[PDB]
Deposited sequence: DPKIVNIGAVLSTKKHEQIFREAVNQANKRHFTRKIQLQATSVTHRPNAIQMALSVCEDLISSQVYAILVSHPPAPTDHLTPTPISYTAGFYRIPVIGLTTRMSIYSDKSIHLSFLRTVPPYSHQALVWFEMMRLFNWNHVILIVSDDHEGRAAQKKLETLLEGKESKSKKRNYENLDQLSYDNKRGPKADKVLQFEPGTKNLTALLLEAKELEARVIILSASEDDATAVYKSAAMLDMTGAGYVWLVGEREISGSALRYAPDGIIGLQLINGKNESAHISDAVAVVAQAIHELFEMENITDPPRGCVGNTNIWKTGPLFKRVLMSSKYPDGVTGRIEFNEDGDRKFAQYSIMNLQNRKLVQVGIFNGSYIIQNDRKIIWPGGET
């Protein structure tokens, strides 16, 4: 009876493929599916980018997928899949990729994600600046795409209140940073915000401790990369950072993505003159004419009751209403001292300890 509509996925393991199947299978039970009925098509990540592009063509687009779920490879990026699917204007839904570069519409012209880019951590910092009445901050960021992205996002929030007394950029890979950090020390503001990779945050932390800038008086406010791996290992006690709740749970995001995509398909097919996507890549060089419409329907999708909370997307197709743990390094243990619940800061009953010993 029903028209079969294939959804595609590139996922980390075969376990995650089966979770994708069952998620689609449950969408079919939930929904009214006399007219259209979803079907799951999936592979796991190929060992390199060229194989991965070929697989998207051979295994997914040959099944005429309306959309493709992509997880970030756990140990190679979503990029080849964004490229090849973007060639046809088939939407790609990123499940766990956080890099801000996937927000650039020129490079990734049909890419949504159910997690926020790292640069959106600026939204949480800003609420924390209101709450804790830090009205003068210094912003140190890596002079790469990610660091600059964080800067722009925080500045948009500040410019249009709390103010940024100064912004300092440094060359990614630089080990001694005392020149940069001596410029920050001479300023009157004592709240420092950092965007940087694991390794670059390590370098910062070491230089700052050498300059006695990690002690009482100072506040350090930081994201998730900057309290991971080796950064965590040299981080100064009392530092505040963030962790995206369910941010690495591929299984949760498969569930939510499939719910959102199923909703959007059934909504798409309420409209007139929906065309099928191209069957296979070979000999096909035109875009899927309905692809840009389907993108719009996804962009404006709302799914309140998501496993990762309230799903909506912003004008770049990035997750809104994402939830963060607010973490505080006490006695060298990361402790949760509250959450950002998507719109609101909620302090829990565990006390924050600031750099030095402050209370």
Review point. What portions of the deposited sequence, indexed from 1, have no corresponding C-alpha atom in the structure?
Key: 76 to 79, 165 to 186
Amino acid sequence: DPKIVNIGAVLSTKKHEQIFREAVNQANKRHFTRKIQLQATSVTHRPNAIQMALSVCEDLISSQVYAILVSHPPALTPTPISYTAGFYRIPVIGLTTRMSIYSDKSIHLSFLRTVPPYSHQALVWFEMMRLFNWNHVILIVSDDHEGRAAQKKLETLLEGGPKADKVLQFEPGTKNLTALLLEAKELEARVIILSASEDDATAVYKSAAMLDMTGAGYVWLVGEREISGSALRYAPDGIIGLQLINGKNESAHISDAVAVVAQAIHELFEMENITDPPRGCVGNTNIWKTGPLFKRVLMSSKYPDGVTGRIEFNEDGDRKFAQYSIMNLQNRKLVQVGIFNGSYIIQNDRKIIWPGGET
From here on, numbers count along this sequence of modelled residues.
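Take the two forms, find the largest set of C-alpha atoms that superpose within 1.5 Å, and that set is the rigid core.
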Exercise for review: State which stretch is farther from the displayed form on average in 8 other deposited structures of this protein, 217 to 225 or 178 to 186, counting RMS CA distance after fitting on the rigid core.
Suggested key: 178 to 186
Exercise for review: Kindly name the stretch, out of 110 to 118 and 163 to 171, whose CA atoms are displaced more from this form in 8 other deposited structures of this protein after the core superposition?
Suggested key: 163 to 171
Practice item. Establish whether the other compared PDB entries of this protein leave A75 unmodelled at least a third of the time. Key: yes
Check your understanding: Comparing 204 to 212 with 275 to 283, which stretch shows the greater average C-alpha B-factor in the deposited entry?
Key -> 204 to 212
**Study point:** Greater mean Cα temperature factor according to the PDB record, 83 to 91 or 163 to 171
**Key:** 163 to 171
Point to revise | Peak C-alpha temperature factor (PDB record), options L157, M99, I227, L244 | key: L157
Exercise for review: Return the residue from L112, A150, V191, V261 that has the highest Cα B-factor in the entry.
Suggested key: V191
Check your understanding: Within this chain, which third does the Cα B-factor at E146 fall in: lowest, middle or highest?
Key -> middle
Point to revise | Third of the chain, ranked by Cα B-factor, where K185 sits | key: highest
Study note, to complete from the structure: Binned into thirds over the chain's modelled residues, the C-alpha B-factor of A235 lands in the middle
Exercise for review: Ordered by C-alpha B-factor within the chain, which third holds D305? Give me lowest, middle or highest, please.
Suggested key: highest
Exercise for review: Just say lowest, middle or highest third for the CA B-factor of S71 relative to the other modelled residues in its chain.
Suggested key: lowest
